[PDB]
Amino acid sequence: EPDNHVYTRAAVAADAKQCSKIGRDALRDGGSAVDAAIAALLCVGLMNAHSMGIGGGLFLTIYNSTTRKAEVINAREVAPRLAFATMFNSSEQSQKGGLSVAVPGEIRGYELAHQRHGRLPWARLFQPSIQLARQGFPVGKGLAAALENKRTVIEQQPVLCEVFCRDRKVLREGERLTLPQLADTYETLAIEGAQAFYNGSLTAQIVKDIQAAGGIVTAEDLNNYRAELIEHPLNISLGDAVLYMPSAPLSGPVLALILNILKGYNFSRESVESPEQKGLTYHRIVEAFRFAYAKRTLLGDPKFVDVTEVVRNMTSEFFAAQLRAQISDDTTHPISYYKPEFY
């Protein structure tokens, strides 16, 4: 509370106050944006264990003020070598158990970002979080709601109740959470490096855990995982600004489409000052969502599907103009009016 959050030198906006501070401290110790980013992320994996962490994957949009260039680091999970198109027959199937696990890419993401942009030692980035994980912290609001939301699946699950329950009932806001095993793991990662996860001393335990839960990840999946540098991120123009965002497999193209559609209306302060204008503004906004979502189903991993033209269409001004021209100010439309496409 003793802060207006306007900073003259540096800022970290994260979804747990403590992780914002961990990243802020990394910057004060001389670390780069990326160093702070990684450190904050490791903390985020603890404080919001339900949201993200080294069991998952990520993307990073990085701007370098020295080179004045942007880049993206792709480190989203991949399907195991053994995965196939018909492997699930319900949503439930692709949502719980070992089979629903993709090959985590977090740590290789951090590594690759760090090799290219790091200025603090690798171990330095893990230090605060290991500290945090052993120390324990109070459950913040976000995670308490997650716990509440999922109390049935957590409480009936012993391996989850071990860290997430007190007296076999989910932790509540303010109660102390400690993540002992993740602290070990984080420490192993700090010492042994990224390698320990992918082809190293943690690697068999990961396979054993996923597979014992019905999954099909194998060591070879982990050994083969590589994060990817993308030298030229997606970009659009907004006024005299330029936004950088990731291409497929992410929603860069959708967001580019949404915004390119809406920039044509020349929105301003005026657009919300009377409910008449504010009404139409929000209607057009929802219409832009619907038009952009229609084209989304054409998207997939560009390594496996040629979405070159789809993406060029989605981030282009002609295409956007073409869809704005079809938005009715007086009405929304049937799904089919947007021309959803699956080929």
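If you superpose the two forms and keep the largest set of C-alpha atoms that fall within 1.5 Å, you have the rigid core. We number the residues from 1 along the sequence you see.
Looking at 199-207 and 86-94, the one farther from the shown form in 7 other deposited structures of this protein by average CA distance, after a rigid core fit, turns out to be 86-94. Looking at mean Cα B-factors across 290-298 and 271-279, the upper value is held by 271-279. As recorded in the PDB entry, 316-324 is the stretch of 16-24 and 316-324 with the greater mean C-alpha temperature factor. Taking the PDB entry at face value, the top CA B factor among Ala113, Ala133, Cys161, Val101 belongs to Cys161.
Note on the listed residues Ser251, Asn266, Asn260, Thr185: the highest Cα temperature factor in the record is that of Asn266. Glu77: CA B factor in the lowest third of modelled residues in this chain (values from the PDB entry). When the modelled residues of the chain are ordered by their C-alpha B factor, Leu238 lands in the highest third. The entry lists a Cα temperature factor for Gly31 that places it in the middle third of the chain's modelled residues.
Split the chain's modelled residues into thirds by C-alpha temperature factor. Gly214 is in the lowest one.
Residue-level temperature factors show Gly193 in the highest third of its chain, judged at the C-alpha atom.
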